[PDB]
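Okay, here's what each chain looks like letter by letter:
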Amino acid sequence: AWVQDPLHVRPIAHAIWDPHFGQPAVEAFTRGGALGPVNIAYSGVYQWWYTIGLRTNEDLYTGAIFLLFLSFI
Amino acid sequence: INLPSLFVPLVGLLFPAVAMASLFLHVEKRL
Amino acid sequence: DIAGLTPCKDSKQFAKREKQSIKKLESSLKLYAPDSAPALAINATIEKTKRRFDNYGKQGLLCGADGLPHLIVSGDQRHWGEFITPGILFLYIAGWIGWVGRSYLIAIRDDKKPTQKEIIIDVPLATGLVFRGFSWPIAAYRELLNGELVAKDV
Amino acid sequence: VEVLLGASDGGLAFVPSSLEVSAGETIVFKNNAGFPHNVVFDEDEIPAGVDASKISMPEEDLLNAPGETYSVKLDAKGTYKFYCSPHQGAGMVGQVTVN
Amino acid sequence: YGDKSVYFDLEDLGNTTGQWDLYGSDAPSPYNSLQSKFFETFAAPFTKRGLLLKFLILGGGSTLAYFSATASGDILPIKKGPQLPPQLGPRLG
Amino acid sequence: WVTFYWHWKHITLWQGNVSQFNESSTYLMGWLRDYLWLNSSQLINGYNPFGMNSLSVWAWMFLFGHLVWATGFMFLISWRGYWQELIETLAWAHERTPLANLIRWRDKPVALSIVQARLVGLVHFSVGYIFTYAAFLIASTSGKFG
Amino acid sequence: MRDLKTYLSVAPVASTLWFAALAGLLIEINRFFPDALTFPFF
Amino acid sequence: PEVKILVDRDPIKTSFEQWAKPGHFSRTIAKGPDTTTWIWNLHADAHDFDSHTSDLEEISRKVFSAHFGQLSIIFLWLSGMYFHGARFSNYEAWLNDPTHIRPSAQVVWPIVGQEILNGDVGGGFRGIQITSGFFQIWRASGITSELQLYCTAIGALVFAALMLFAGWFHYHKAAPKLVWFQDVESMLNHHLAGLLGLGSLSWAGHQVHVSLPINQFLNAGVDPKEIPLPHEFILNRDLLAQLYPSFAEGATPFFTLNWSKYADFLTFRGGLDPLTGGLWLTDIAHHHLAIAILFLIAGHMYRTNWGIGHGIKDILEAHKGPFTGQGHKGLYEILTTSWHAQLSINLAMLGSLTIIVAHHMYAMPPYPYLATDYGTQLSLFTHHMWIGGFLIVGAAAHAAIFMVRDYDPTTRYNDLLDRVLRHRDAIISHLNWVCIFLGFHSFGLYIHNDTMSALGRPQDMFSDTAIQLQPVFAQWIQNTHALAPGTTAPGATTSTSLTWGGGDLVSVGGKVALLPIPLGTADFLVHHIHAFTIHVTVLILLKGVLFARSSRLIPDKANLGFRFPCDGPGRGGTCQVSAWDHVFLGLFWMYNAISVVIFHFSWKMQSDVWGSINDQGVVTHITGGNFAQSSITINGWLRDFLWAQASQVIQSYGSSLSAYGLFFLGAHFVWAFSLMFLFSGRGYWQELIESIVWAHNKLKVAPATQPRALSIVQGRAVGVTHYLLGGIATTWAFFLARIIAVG
Ligand code: CLA
Ligand code: CLA
Ligand code: CLA
Ligand code: CLA
Ligand SMILES: [Cu+2]
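Residues numbered from 1 in each chain as written, not as in the entry; some residues may be left out. Chains lettered and ligands numbered in written order. Part of a larger assembly, values for the part shown. Heavy atoms only, no water. Residues with missing side-chain atoms left out of burial classes, pairs and counts.

- What the deposited record gives as its method is cryo-EM, and the resolution it gives is 2.7 Å.

As structure tokens, this is what we get:
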């Protein structure tokens with residue numbers, strides 16, 4: 001979703017799963033068009049990965065698998 | 001079936017319990 | 001002009017500041033007797049404020065976008081009054097102080113109980129020594145050339 | 001018309017910050033959240049009705065407690081800009097005309 | 001030891017160092033034999049150190065895993081999910 | 001100092017209000033009021049008696065960093081001797097009480113070392129520092145988003 | 001008298017009198033030439 | 001056996017010999033100084049008389065005359081206050097209209113533009129608004145002109161001169177000896193009956209003839225200059241008979257025992273004056289009369305010279321039981337040979353008294369036009385709280401000094417002291433547990449509330465609407481007090497305060513003097529926070545006192561003296577193992593406790609009592625009851641109290657309250673500065689001064705008094721004093737700027 005309109009959508013870092021959360025907190029943290037509470041990324045990895053060529057989720061999946069391979073080696 | 005529903009308790013509750021019990025057991029007695 | 005600043009006398013924000021400042025004091029003067037002690041004191045400071053703004057304008061200070069007189073220290077000769085001539089004056093006074101102190105320390109270093117003359121000042125010796133600071137620059141120059149300003153052996 | 005000083009998110013702004021009311025129409029500046037909010041007019045520009053105290057709230061003294069209302073009335077043809085001296089640096093400034 | 005004024009004797013260091021047990025009963029089992037024979041027969045398989053520890057850890061672990069992977073919405077709002085439309089950010093959203 | 005300077009200059013540039021910095025940055029009351037006290041309203045309003053919003057997690061962390069920092073002062077001000085004697089009387093208390101002297105420690109409790117305590121206090125201080133400033137920075141830029 | 005002269009030259013009293021004189025001098029100077037951001041004579 | 005005046009003639013001749021010699025008392029100091037450390041020692045042990053010598057007689061003579069010097073300083077301060085009120089004040093203008101003019105008795109000279117501090121305090125006057133509450137005292141005493149203030153200032157000046165002279169006299173010409181000091185029976189007989197009994201009887205005499213009629217005239221609305229002078233009220237009696245008819249019989253009621261005929265001006269009303277917002281003066285006069293009678297009888301308990309009375313030794317050694325062995329036997333010998341024991345007892349009692357004074361003065365305002373002067377009220381409460389706390393910490397300091405220096409079981413043995421020394425470990429362990437439990441269940445509740453509120457779960461919070469923790473005991477007690485007048489104090493009409501209840505709000509000039517103070521869950525939480533902080537500082541101080549001589553850590557701690565750095569980094573590290581170091585912490589925790597107390601007071605008052613009344617009786621408070629809902633979480637304190645209240649001081653610049661803003665920032669600075677001394681050690685600094693000394697020596701400008709870094713103890717002392725100065729001063733600036741701007 002972010003690659004389609006980089007200026008008008010907030011990037012998501014990861015989902016939140018916290019059984020200590022209340023209902024208004026669940027409603028307050030669901031941003032970025034997600035289906036639940038999420039965190040908004042400020043690392044800037046979205047812009048970095050977008051600049052270097054990654055476009056789809058399959059690209060990121062191949063990347064993560066390759067890096068798991070690299071760290072195992 | 002929701003994967004967080006399983007891994008966040010196990011890694012947040014079970015894993016530290018097991019690891020800390022084991023590490024206490026290892027650190028606090030003589031060989 | 002220098003650094004894009006403009007001569008305060010011809011700036012508009014500098015004037016606006018002056019008029020605004022003067023405005024508030026005038027309000028403080030009101031609600032009291034027209035010729036009362038407090039009112040007279042407020043008048044005095046109003047005239048003082050007008051004199052300060054005119055003095056700033058006259059001295060040719062540089063004003064930015066806020067109208068505050070900025071100071072140039074690059075060495076431009078149109079601005080030595082801002083930093084460099086006061087700097088020379090300071091260096092003179094500070095050398096005076098330090099040289100008099102050093103002179104005193106050297107003079108009292110030869111007694112058996114030199115700490116006695118440090119917790120309790122010999123004021124006659126001090127008053128004999130204070131005025132050598134007047135010529136401290138020449139004395140220090142000739143002491144450096146002599147090689148006696150810096151202790152050898154250390 | 002009622003203007004809430006301060007936002008529920010703690011944002012330092014007016015609600016609505018910019019608007020237009022009718023003639024002789026009283027505008028109420030209410031405090032919503034984030035109080036010591038003080039509404040002080042620009043005193044600059046604003047063609048006619050150049051009194052300061054008539055619409056301004058004097059510096060130092062400001063709205064007290066969670067919900068406070070300093071009632072002003074304008075009634076001057078022209079546009080005026082009402083801001084908050086402590087917060088006008090965070091953008092808590094507003095413009096209100098009566099055409 | 002305790003001969004009027006002395007309190008130190010090499011032969012009985014424990015008495016000298018106060019190695020007493022100030023509250024132990026030294027009495028017989030107050031529980032009736034029949035009752036004792038009911039418990040130590042049913043609670044026996046839980047008295048092995050490694051066995052009890054491993055079983056406790058893994059049983060409680062799968063207990064938590066099951067009870068949280070299959071909790072209903074009325075227990076945890078985190079799994080009920082949001083119920084409202086979302087707002088927009090200051091400019092984004 | 002470096003990051004305060006950077007953040008304030010940029011947070012006034014992003015609002016098109018650079019004169020606000022240009023004028024209030026030359027005195028320290030300007031730094032306190034126009035930067036710290038001013039840009040901290042949304043953050044501390046992350047949660048209030050009237051509800052919470054998405055900034056709450058920062059409003060919490062902001063206070064977290066204040067707590068950690070503060071406890072770092074303990075290990076930096078109070079010194080070992082005090083704590084060692086307190087610990088020894090605690091040991092007496094534990095050994096002397098019924099139903100709990102049945103349990104025995106295996107290492108004699110000692111107060112932290114001198115160097116160890118300086119290290120712990122420094123760690124607390126720096127962690128509190130980093131956390132509260134990160135909370136404030138991300139909440140004050142994220143709140144205005146500009 | 002001799003001892004009073006001595007005590008009046010002990011370090012704290014010598015320094016308070018010196019700094020009071022210096023303060024008086026600076027106060028009067030700025031009372032005659034107030035609001036001076038530069039050296040305007042030459 | 002019998003008691004008499006016993007003196008010594010010219011023990012020390014007044015002379016300027018020792019002024020020329022720095023540290024004459026210390027043999028090592030007298031010789032002279034080798035390093036910079038000698039200068040610091042000279043000051044640190046100037047007033048430690050019990051170490052300059054060992055003679056009790058000399059110590060006590062020095063103590064007596066030092067007390068005289070202190071009294072002289074206090075008198076000079078009082079005369080300065082009165083003179084400034086006479087000459088540089090707007091006291092008469094304030095006297096004409098109290099609730100519009102702001103009191104101010106200090107102006108500044110227009111030197112560097114600082115005249116902006118001469119703000120508009122009203123009354124054709126420009127000065128610095130004072131918070132001393134002196135105007136209220138002067139009005140309650142009946143002072144109507146500035147001639148009376150001038151006369152008072154000059155009288156106090158000559159009293160300061162008299163005190164200084166007496167100090168010189170009783171040390172250099174006629175100095176008492178030991179048996180004169182060691183008489184405490186007659187001393188107590190005179191301080192109870194003579195100083196407090198006659199003092200309060202004399203003050204009641206003043207109020208009956210001066211303050212009562214003059215304040216009656218002032219409250220009737222008379223112009224202050226049209227009021228008869230006080231001495232007229234003594235010369236012409238029908239002047240008083242007009243205001244108070246039963247001044248006509250004139251002291252025959254006092255001897256017929258028809259005391260009811262005095263019911264006019266000797267009342268038992270209670271409550272506040274609805275006109276002035278202070279206590280009824282006819283109540284204060286009666287109060288001081290009864291106080292005088294009580295003290296005059298009480299100063300007749302101890303036997304001095306005529307058989308009748310009580311021997312303190314007998315009373316003490318009569319008290320002992322089966323739990324305490326021979327308790328109280330031997331205390332009379334301890335409390336008459338060591339000044340530190342007496343000093344610590346008196347310091348504890350005086351601190352307790354000061355804090356009780358703060359509470360009672362906030363609750364039952366005694367002066368007219370004081371209650372509605374919010375700045376004065378806040379400042380008085382805060383100041384007395386701080387003074388009380390400092391005194392209470394000094395009590396512990398000197399108890400420890402006694403234990404280290406003067407305690408001796410070989411010659412002066414007491415049983416109770418010995419028993420407490422013998423189970424100090426049980427004492428400290430239980431106090432430790434109480435501190436931990438109290439800290440978990442008071443501050444833990446705040447942390448729980450903060451996370452419950454941040455997780456969007458307010459129902460689970462410990463609040464007035466989710467989970468109530470109601471202080472049922474305090475509510476019950478204050479409801480018992482509200483019902484007291486008429487039920488169980490039949491002679492009273494109003495309850496003793498208005499914070500108890502009964503409605504009956506009292507206002508003055510559109511501002512609220514007092515109203516019933518409600519106690520909810522937030523009050524419960526903050527009261528337990530108070531209990532926690534007090535218990536922890538008590539733990540620190542008591543642990544310092546009980547373990548001052550020896551411990552299981554270092555077995556001979558007394559030989560190292562009361563104050564010392566350490567005994568090396570042995571046994572794991574013995575940093576600050578001394579009694580003096582325990583006092584250093586207690587000051588930190590005393591600061592914490594008193595800070596929380598004054599914050600609680602200020603917020604609660606600005607939220608539920610103070611504020612402005614209006615025409616219907618609608619009370620708008622300074623903050624609309626924001627204390628009951630926002631004070632239950634720490635975010636509420638940081639946002640609604642500090643951040644909100646802090647805005648006043650930040651905006652002070654550019655006005656007459658600018659000095660408060662300046663002091664705010666300066667106090668922040670000096671507080672942060674203390675941390676340099678509190679976090680570092682003197683080794684680094686000695687090693688740095690080494691190379692600085694090298695730099696000086698390279699240019700023949702090195703000093704002869706060798707510069708040393710401060711001692712380890714001195715560095716801690718500099719660090720704690722700067723810390724306290726910074727914190728207290730920033731709170732002072734914040735409070736004053738806020739309450740003067742919003743008040
Ligand atoms: C260092 C990388 C990293 C980090 C910081 C996280 C962080 C997180 N993961 Mg995650 N994860 C990772 C890698 C990582 N993951 C990888 C490589 C995979 C496989 C593709 C996963 C698969 C995964 C799943 C399926 C889930 C998470 C979830 C989560 C979140 C809940 C915490 C948790 O349950 O732990 C993580 C749980 C795991 C099963 C991770 C196991 C895989 C990694 C490689 C384990 C590494 C352990 C290793 C021995 C220790 C490394 C040393 C160092 C990290 C201290 C949390 C924010 C949960 C979530 O979505 O929260 C909403 C969730 O359900 N992760
Ligand atoms: C904000 C900083 C801070 C904090 C939190 C503390 C806390 C404490 N101090 Mg300390 N102190 C401080 C600053 C601080 N101090 C400073 C700057 C100084 C220098 C003057 C001192 C000097 C000092 C002395 C001299 C003494 C203490 C003592 C104590 C303890 C008092 C007993 C108690 O309250 O039990 C309760 C604990 C608390 C109230 C802390 C908060 C508890 C949290 C909220 C509970 C959360 C639990 C959580 C679930 C943990 C699980 C997390 C999980 C991930 C592991 C306490 C732990 C006294 C003591 O030792 O007590 C016997 C003691 O004598 N302090
Ligand atoms: C009715 C008799 C009387 C009175 C009024 C006082 C009053 C006082 N005594 Mg005192 N005393 C007395 C009898 C009395 N004493 C006796 C019989 C003994 C034992 C023999 C002592 C031994 C004693 C000691 C050891 C000390 C005091 C101290 C004090 C002062 C306490 C501080 C204070 O409260 O400030 C209140 C301030 C005032 C009340 C201002 C008024 C001051 C008046 C003028 C005092 C005049 C009373 C005095 C006894 C007059 C007799 C002396 C005469 C020959 C001139 C106080 C002024 C302390 C002190 O000396 O402080 C310096 C202290 O150290 N007293
Ligand atoms: C009636 C009250 C009283 C009295 C008579 C004494 C008397 C004494 N105390 Mg003591 N004490 C008291 C109260 C009192 N104390 C209180 C309330 C505390 C708690 C803080 C203490 C804590 C205390 C300690 C820790 C120690 C003493 C010590 C001593 C003895 C030597 C004091 C000395 O000469 O040091 C010299 C005095 C000074 C160096 C003054 C220091 C200046 C202060 C710190 C700055 C104050 C700042 C000022 C208020 C505002 C700033 C001004 C600036 C900006 C210009 C002495 C017998 C010392 C001792 O060894 O006993 C034998 C000791 O170490 N006291
Ligand atoms: Cu505002």
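1. Remarks on the overall build of chain C
- Assigned secondary structure in chain C consists of 6 helices and 3 strands.
- Computed over C-alpha atoms, the radius of gyration of chain C comes to 26 Å, more than 25% over the 15 Å expected from 2.2 N^0.38 for 154 residues, which places it beyond the range of a compact globule.
- Along the longest, intermediate and shortest principal axes, the C-alpha atoms of chain C span 70 × 45 × 20 Å.
- In chain C, the share of contacts with a sequence separation of at least 24, taken over all contacts with a separation of at least 6, comes to 61%. (Helix = DSSP H or I, 4+ residues; strand = E, 2+ residues; numbered from the N terminus. Rg over C-alpha atoms; globule rule 2.2 N^0.38 Å. Contact = heavy atoms within 4.5 Å.)

2. With respect to the overall build of chain H
- When you go through chain H residue by residue, the secondary structure sums to 29 helices and 8 strands.
- Each of the 743 residues in chain H was classed as buried or not, and the buried ones make up 48%.
- Within chain H, contacts between residues at least 6 apart in sequence are counted, and of these 69% link residues at least 24 apart.
- Surface accessibility of chain H: about 35,200 Å² in total, with carbon and sulfur atoms responsible for 66%.
- Counting 43 positive and 48 negative side-chain charges, chain H places the centres of these two groups 9 Å from one another. (Buried < 20%, exposed > 50% of the residue type's maximum accessible area, 1.4 Å probe, protein only. Areas by Shrake-Rupley, 256 points an atom, 1.4 Å probe, with all protein chains shown as cover. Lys, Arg positive; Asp, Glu negative; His and termini not counted. Charge placed at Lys NZ, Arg CZ, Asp CG, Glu CD.)

3. Thoughts on the packing of helix α6 (residues 80–95) of chain F against helix α20 (residues 424–454) of chain H
- Close contact between α6 of chain F and α20 of chain H brings their axes to 9 Å; oriented N to C, the two are set at 95°. Our classification of the angle between α6 of chain F and α20 of chain H gives roughly perpendicular. Along its contact with α6 of chain F, which presents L86, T89, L90, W92 and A93 of chain F, the element α20 of chain H presents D425, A426, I428, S429 and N432 of chain H.
- The residue inventory of the contact of α6 of chain F with α20 of chain H, partitioned by class, reads 6 nonpolar, 3 polar and 1 charged. (Axes fitted to C-alpha atoms, helices over the stretch in contact; angles between N-to-C directions. Parallel < 35°, antiparallel > 145°, perpendicular 65-115°, else oblique. Nonpolar A, V, L, I, M, F, W, Y, C, P; charged D, E, K, R; others polar.)

4. A short note on the site of ligand 2
- Taken together, the neighbourhood of ligand 2 is formed by 21 residues, with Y82 and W83 of chain F together with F532, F588 and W589 of chain H sitting nearest.
- Neighbouring residues of ligand 2 are distributed over chains F and H.
- Side-chain polar atom of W589 of chain H to a nitrogen atom of ligand 2: 3.3 Å apart, as the coordinates give it.
- Put simply, the parts of the chain that give the shell around ligand 2 at least two residues each are α5 (56–77) and α6 of chain F together with α20, α23 (521–546) and α24 (579–608) of chain H. (Near = heavy atom within 4 Å. Polar contact = N/O pair within 3.5 Å; in protein donor to acceptor, adjacent residues only side chain to side chain.)

5. Details of the coordination of the copper ion (ligand 5)
Residue and element names in this part refer to chain D.
- Taken together, the protein ligands of the copper ion (ligand 5) are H37 (ND1), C84 (SG) and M92 (SD), with distances of 2.3 to 2.4 Å.
- Counting residues between consecutive donors of the copper ion (ligand 5) along the chain gives the motif H-x46-C-x7-M.
- Taking relative accessible area as the criterion, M92 reaches 0% and is therefore assigned buried. (Donors = N, O, S within 2.8 Å, 3.2 Å for Na, K, Ca; no water.)

6. Some words on the site of ligand 3
Residues and elements named next belong to chain H.
- Around ligand 3 sit 13 residues, and of these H67, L71, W180, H190 and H191 come closest.
- A distance of 2.7 Å is found between an oxygen atom of ligand 3 and a side-chain nitrogen or oxygen belonging to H67.
- In the model, a nitrogen atom of ligand 3 is placed 3.0 Å from a nitrogen or oxygen of the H191 side chain.
- Those elements that place two or more of their residues in the shell around ligand 3 are α5 (56–87), α8 (146–172) and α10 (185–219).

7. A look at the sheet that holds strand β7 (residues 78–83) of chain D
All names here are of chain D.
- Strand order in the open sheet formed by 4 strands is β3-β8-β7-β5, with mixed pairing between adjacent strands. Each of the sheet's edge strands pairs with one partner strand only, and the pair in question is β3 (19–20) and β5 (40–41).
- Across 6 bridges, β7 lies against strand β8 (residues 93–98) in antiparallel orientation. By the bridge assignment for β8, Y80 is matched with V96. (Pairing = 2+ DSSP bridges.)

8. Observations regarding the pairing of strand β4 (residues 27–31) of chain D
All names here are of chain D.
- Alternating residues of β4 divide into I27, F29 and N31, all buried, and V28 and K30, none buried.
- Inspection of the sheet shows strand β1 (residues 2–5) paired to β4 by 4 bridges, in the parallel sense. Along β4, the bridge assignment pairs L5 with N31.
- The sheet contact formed by β4 and strand β6 (residues 69–72) spans 4 bridges and is antiparallel. What sits directly across from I27, in β6, is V72.

9. Details of the interface of chain H and chain D
- On the chain D side, the residues contacting the 14 residues of chain H number 10 residues.
- With both chains or domains summed, chain H and chain D bury close to 980 Å², and 52% of this area falls on carbon and sulfur atoms.
- In terms of surface lost to chain D, no three residues of chain H exceed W643, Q648 and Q651 of chain H, which account for 44% of the buried area on that side.
- Our count for the chain H to chain D interface comes out at 0 salt bridges.
- At the boundary of chain H with chain D, the tally comes to 2 residue pairs in polar contact.
- In terms of residue count, helix α26 (residues 634–650) of chain H provides more of the side of chain H that touches chain D than any other element does, 4 residues in total.
- The residue makeup of the side of chain H that touches chain D, split by class, is 5 nonpolar, 9 polar and no charged. (Buried area = accessible area lost by both parts, 1.4 Å probe. Salt bridge = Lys/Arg side-chain N within 4 Å of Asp/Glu carboxyl O.)

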